[PDB]
Amino acid sequence: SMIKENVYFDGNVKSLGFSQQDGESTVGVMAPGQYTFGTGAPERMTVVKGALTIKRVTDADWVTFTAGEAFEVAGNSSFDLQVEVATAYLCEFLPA
Amino acid sequence: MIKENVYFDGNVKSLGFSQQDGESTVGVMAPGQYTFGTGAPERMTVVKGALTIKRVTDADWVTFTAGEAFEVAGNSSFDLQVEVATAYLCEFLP
Numbered sequence: 254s255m256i257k258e259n260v261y262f263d264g265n266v267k268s269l270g271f272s273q274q275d276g277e278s279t280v281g282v283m284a285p286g287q288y289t290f291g292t293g294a295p296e297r298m299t300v301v302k303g304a305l306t307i308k309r310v311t312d313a314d315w316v317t318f319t320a321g322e323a324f325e326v327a328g329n330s331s332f333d334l335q336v337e338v339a340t341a342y343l344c345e346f347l348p349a
Numbered sequence: 031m032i033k034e035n036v037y038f039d040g041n042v043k044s045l046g047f048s049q050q051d052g053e054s055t056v057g058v059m060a061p062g063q064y065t066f067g068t069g070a071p072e073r074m075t076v077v078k079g080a081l082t083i084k085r086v087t088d089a090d091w092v093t094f095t096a097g098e099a100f101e102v103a104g105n106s107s108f109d110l111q112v113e114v115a116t117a118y119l120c121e122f123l124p
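Protein sequence lines correspond, in order, to chains E and L. When the letters of the first sequence are read in order and numbered with the working numbering, they come out as residues 254 to 349. When the letters of the second sequence are read in order and numbered with the working numbering, they come out as residues 31 to 124.
And the structure:
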């Protein structure tokens, strides 16, 4: 209700959605593995602990984002992630 | 791999995960006021939002905003006031 749990990829990605006055954000964990996700709205992912190695439509090569780094994903798109250690992240909509 | 825990009638939820340095958690606290106990000392980092806390050593409530971190003594307890839903990272100290 207040905090929405989502489970993806047979339990290898889990997230908690929460709302502030400007709307919803999510914090989640990805277990080691390789995943694909689609986007609706563009979004900003911040690595909280661990690292995400990603390939978006604009990336000629895979790019590793470590803790404290943030990347954006285009709207209505998709991207791949490689996870070598269980990694926590924050996911937000872009400012309007 | 990823252990979900739920507390306080759904007002606190956490996801526990292990790296080579051991276990860490990320979680969310919905607006409200909570008391938590500790075993090992803990380091809590505010990911988004803010936590206003009172530990045994705090004469007054202390507010930590996004990016800021605080430590809680081992084998202790502390109170939190949450005014907006707040995400946090919780780690062991050593």
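Even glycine gets a Cβ: it sits at the ideal position worked out from N, Cα and C.
Item: Would you mind telling me which residues of chain L sit closer than 8 Å to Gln274 of chain E, beta carbon to beta carbon, in chain order?; Value: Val114
Item: So, helix, strand or coil for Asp312 of chain E, using DSSP?; Value: coil
Item: In the DSSP assignment, the beta strand (DSSP E) including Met31 of chain L goes from what residue to what residue?; Value: Per DSSP, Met31 of chain L belongs to no beta strand (DSSP E) and is neither H nor E.
Item: Going by C-alpha distance, which of L:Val42, L:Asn41 and L:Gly46 is nearest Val266 of chain E?; Value: L:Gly46
Item: Can you tell me whether DSSP reads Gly293 of chain E as helix, strand or coil?; Value: coil
Item: Along the chain, where does the beta strand (DSSP E) that runs through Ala341 of chain E open and close?; Value: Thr340 to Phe346
Item: Does DSSP put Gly264 of chain E in a helix, in a strand, or in coil?; Value: helix
Item: Quick one: list the residues of chain E neighbouring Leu45 of chain L, beta-carbon separation under 9 Å, in chain order.; Value: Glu258, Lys267, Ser268, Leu269, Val280, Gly281, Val282 and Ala341
Item: Check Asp333 of chain E in the structure and name its three-state DSSP category.; Value: strand
Item: Since I believe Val282 of chain E is in contact with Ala339 of chain E (beta carbons under 8 Å), could you give me their beta-carbon distance rounded to a whole number of angstroms?; Value: 6 Å
Item: In whole angstroms, give me the CA-to-CA distance for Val316 of chain E and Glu258 of chain E.; Value: 28 Å
Item: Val102 of chain L to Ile256 of chain E, Cα distance in whole Å?; Value: 24 Å
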